[PDB]
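K.L.:
Turn this into a structure:
(chains A, B, C, D and E)
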Amino acid sequence: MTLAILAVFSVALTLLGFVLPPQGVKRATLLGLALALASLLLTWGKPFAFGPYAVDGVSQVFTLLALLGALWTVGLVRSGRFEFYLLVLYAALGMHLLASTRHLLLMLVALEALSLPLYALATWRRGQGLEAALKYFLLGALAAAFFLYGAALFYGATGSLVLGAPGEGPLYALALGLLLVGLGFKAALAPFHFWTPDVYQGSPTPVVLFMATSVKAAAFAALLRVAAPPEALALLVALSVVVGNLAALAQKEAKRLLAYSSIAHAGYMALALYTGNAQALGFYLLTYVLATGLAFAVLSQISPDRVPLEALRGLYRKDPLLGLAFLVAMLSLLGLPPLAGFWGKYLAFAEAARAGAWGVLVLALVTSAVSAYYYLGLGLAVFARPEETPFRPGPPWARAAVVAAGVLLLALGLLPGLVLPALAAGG
Amino acid sequence: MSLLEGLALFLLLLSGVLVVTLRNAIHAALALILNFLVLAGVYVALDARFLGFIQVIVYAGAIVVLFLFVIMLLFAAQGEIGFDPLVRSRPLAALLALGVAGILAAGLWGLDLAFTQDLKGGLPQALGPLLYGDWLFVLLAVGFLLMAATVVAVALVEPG
Amino acid sequence: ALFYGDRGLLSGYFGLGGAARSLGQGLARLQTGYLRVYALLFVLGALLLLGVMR
Amino acid sequence: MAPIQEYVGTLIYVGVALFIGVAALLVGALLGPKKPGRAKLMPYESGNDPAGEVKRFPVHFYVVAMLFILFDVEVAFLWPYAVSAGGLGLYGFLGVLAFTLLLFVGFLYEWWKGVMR
Amino acid sequence: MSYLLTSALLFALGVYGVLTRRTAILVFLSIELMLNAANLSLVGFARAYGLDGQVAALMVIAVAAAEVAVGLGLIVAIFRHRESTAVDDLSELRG
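P.N.:
Numbering: from 1, shown residues only, chains lettered A, B, ... in the order given. And now the structure:
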């Protein structure tokens, strides 16, 4: 009954914001999201299903992550339009629904629910932001069509629109493919990745924080629900990691570089999909979400519109703690010890090798080493001599947020035997 | 069945071909309206009737009328302007079109199904208990999606 | 002689670094910015996957 | 349910109506003076330009249409309840009420903001 | 069964449209046609699997409507001030 909280706050604030100063609405939306997360903790080990709607360990972990991302992204945004909060609220529920069901059609409706309000969140209205928004909507609705014909073909090979239905030969194979298309696009796996560079660079940074954390989370959550075969998995991984890192090399811009990098990262997480461990994947995404949320909070404190790579430089001198935190984020996203990113990566790699897929694992790993070029090209870039750069040094809100996130990262780098004990049933 | 069935499916494909072919946007959309009529017919013949009628009312009556309002409000009837035709793409676009049929064709080939259940014609009478019922959650989710849709669409325009 | 050989070795490794960089920006050149381009690359990729599945 | 038999009658009805309309058009087209000249063909009002040049239109028509699609979807959903209603009991009513209130919150939002605009 | 095959074909057609169309709006329409291809297939299989595919399709129609409203809103905003839409006119974002 986190869903209850979500629907309630969204619907209520809709009309309330007519009577409230936009700030009052910000206070409100913030409050709501945090409360939903609270209900998530109080339900740990209490898994609950109602309709096609189902809350279990997975739903719990992945919406814990998603809710976290939504709170952080609302923290930064001070625009005096109450809707620029409202849309976030909507989107959040949408992602929760996406992670919370096996029903293909409810999954579809949930997809529209989460995806439509982000299209509107893509507008600072800076000339790029309309281009970004456009590409996003067109490619998005296309994928909508695909996941829908996929649900229709799943209902095709078998009596149900609910996943887990017994399944045929080639038609079933086809149907699982058509579900895999949309669900894959939403996660930025190659070669579905083309939007990712454009939209991250085009959309206002804090929004991108929201996307690059919450969306990827929810998407992998729904992905685990699908039955996907080893060969396809191999393909997606290979392409994601290769093109992701290689093209990320070519990147002169922080956001875009981060996009390609995130393509590679979706590539890494997709290995957990081999066994679908989800204690492992849950962990990986915990670490990743923390680090990335951090990274984009910092990219927000630089500029909302665009951040080049040099802008990151000299950040240590300016603010020591933010320099350090960004560094840590770069390392956790690199998957280097002793950071939680290493245990997430390791857990995915472990499930991968456990599944006995070797060449794939290897390639993923090799080009994962490729990623260190740009990961240090940022993390170390922190220490160079500061060039002329925009800097607005945050509220306590942001400083304490970013640092907290980093600390949570490295804490679980050393003691995953804290949370990992229950990313499972919740003991 | 097949006597008229051939005719109706042929009309469907022909219409689609038009909506993707014609470079008159109005003509296109209109061809899609024709499409929705035939498709609704086929729905009914397929024992889905209510879905047919809502298909005409919403899809044909409402949606494409909003479309038409958009292309009438913005012109754009002559879509092909300012170019970047990149002609080497047209046969490549046409190529890919053939393939997505081929793969679906294969999966549906050598596929036989029991298209026999006594649906009793897809009147809303028997559909209602599914809607508010097994599908009620899907329904409420949808409704919420629509509400979010209206507020989104409003803030999306809303010059200020 | 062996020294200069070793230097040249190091330089060749730099060669690989640049090969991966290059390949990378070929892959980064893969994205032009035209939407029709992204759409075609898209359908292309998807057909590639469904092909892999059998 | 009701037979397929009647619907074919509906197709009939459509055929008859269409045929009569075309016949009317044929009488119009065939029986007339016919005299194209540059002056007659030209839109309206003597030195012309009533339409003139305008860069498109108010979005108000778009808005009315988008409104209409959503509320009509609402009705498209409300119809199946309206038939089986006492049959779906209090919980049915409560579901339909939930849905309805949801979309009414939708309408109420766009009203208090309004489209004078 | 003819119906499922034709639905697949329609999906293909909508694809040809999306790839071909220069203007945003006609791309969107081709998308709509794809969506309906899906719905028809759903209807066939509903007749096969007992009628849940029908309700499915209905929900689908609603989904479609919502995204139509939103998408047309975006299409209007992006080229209201701006002149002829043609989707290639925005190339600013490159790799």
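K.L.:
near chain E at all, stretch A:164-179?
P.N.:
No: Stretch A:164-179 stays clear of chain E (Cβ under 8 Å from any Cβ of the partner chain), getting no nearer than 9.4 Å. Heads up, the C-betas are built off the backbone N, CA and C, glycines and all.
K.L.:
Could you find the closest non-adjacent residue to residue A:419?
P.N.:
residue A:412 (5.9 Å; Cβ to Cβ, 6 or more residues apart in numbering or on different chains).
K.L.:
what's the answer for residue E:49, then?
P.N.:
Nearest-residue entry for residue E:49: residue A:159, 4.4 Å, with adjacent residues in sequence omitted and distances by Cβ to Cβ, 6+ apart.
K.L.:
Could you count how many residues lie near the one you found?
P.N.:
Residue A:159 sits with 15 neighbouring residues when counted by other Cβ atoms under 10 Å in any protein chain shown.
K.L.:
a strand runs through it, doesn't it?
P.N.:
No: membership of residue A:159 in a strand is not supported by DSSP: H, G, I helix; E, B strand; the rest coil, which gives coil.
K.L.:
ok so, going back, could you measure the residue nearest to residue A:419 against residue A:230, distance?
P.N.:
For residue A:412, the distance to residue A:230 (Cβ to Cβ, to the nearest Å) stands at 30 Å.
K.L.:
now residue A:59
P.N.:
In terms of Cβ to Cβ, residue A:59 sits 26 Å off from residue A:230.
K.L.:
So those two - more neighbours on which side?
P.N.:
Taking other Cβ under 10 Å, residue A:59 and residue A:230 do not tie; residue A:59 has more neighbours (24 against 13).
K.L.:
Nearest residue to the more buried one in space, please, no chain neighbours.
P.N.:
The spatially closest residue to residue A:59, leaving aside those adjacent along the chain, is residue A:100, at 4.8 Å (Cβ to Cβ, 6+ apart).
K.L.:
surely that neighbour meets residue A:61?
P.N.:
No: contact between residue A:100 and residue A:61 fails when scored by Cβ atoms under 8 Å: they sit 12.0 Å apart.
K.L.:
Compare these two and say which is more crowded by neighbours.
P.N.:
Shown here are residue A:100 and residue A:61; by other Cβ under 10 Å, residue A:100 has more neighbours (31 against 27).
K.L.:
Tell me who's in contact with the more buried one.
P.N.:
By Cβ atoms under 8 Å, 6 or more residues apart in numbering or on different chains, the contact set of residue A:100 is A:3, A:53, A:54, A:55, A:59, A:63, A:110.
K.L.:
want to throw those residues into TSV with secondary structure?
P.N.:
Output for these, formatted as TSV (three-state DSSP):
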residue	secondary structure
A:3	helix
A:53	strand
A:54	strand
A:55	strand
A:59	helix
A:63	helix
A:110	helix
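K.L.:
need the contact list for residue 53.
P.N.:
All of this is about chain A. By Cβ under 8 Å, 6+ apart, the residues touching residue A:53 are A:3, A:97, A:100, A:101, A:106, B:137.
K.L.:
wrong chain, I was asking about chain E
P.N.:
Contact partners of residue E:53, counting by Cβ under 8 Å, 6+ apart, are A:152, A:155, A:161, E:42, E:43, E:44, E:45, E:46, E:47.
K.L.:
ok, and of those residues, which contact chain B?
P.N.:
Contacts with chain B within those, as defined by Cβ under 8 Å from any Cβ: E:43, E:44, E:45, E:46, E:47.
K.L.:
Close to chain C: what parts of chain B are there?
P.N.:
Contact residues (Cβ under 8 Å from any Cβ) of chain B with chain C: B:84, B:86, B:89, B:92, B:93, B:96, B:99, B:100, B:103.
K.L.:
Would you list the buried entries among these?
P.N.:
Buried members of the residues of chain B next to chain C, counted by 16 or more other Cβ atoms under 10 Å in any protein chain shown: B:89, B:93, B:96, B:99, B:100, B:103.
K.L.:
quick one: the last one and residue C:49 touch, right?
P.N.:
No: in terms of Cβ under 8 Å, residue B:103 does not count as a neighbour of residue C:49; the distance is 10.1 Å.
K.L.:
excluding its backbone neighbours, what's nearest residue A:343?
P.N.:
In space, residue A:343 is closest to residue A:416, 4.9 Å off (Cβ to Cβ, 6+ apart).
K.L.:
Correction: the previous question concerned residue A:257.
P.N.:
residue A:251 (3.5 Å).
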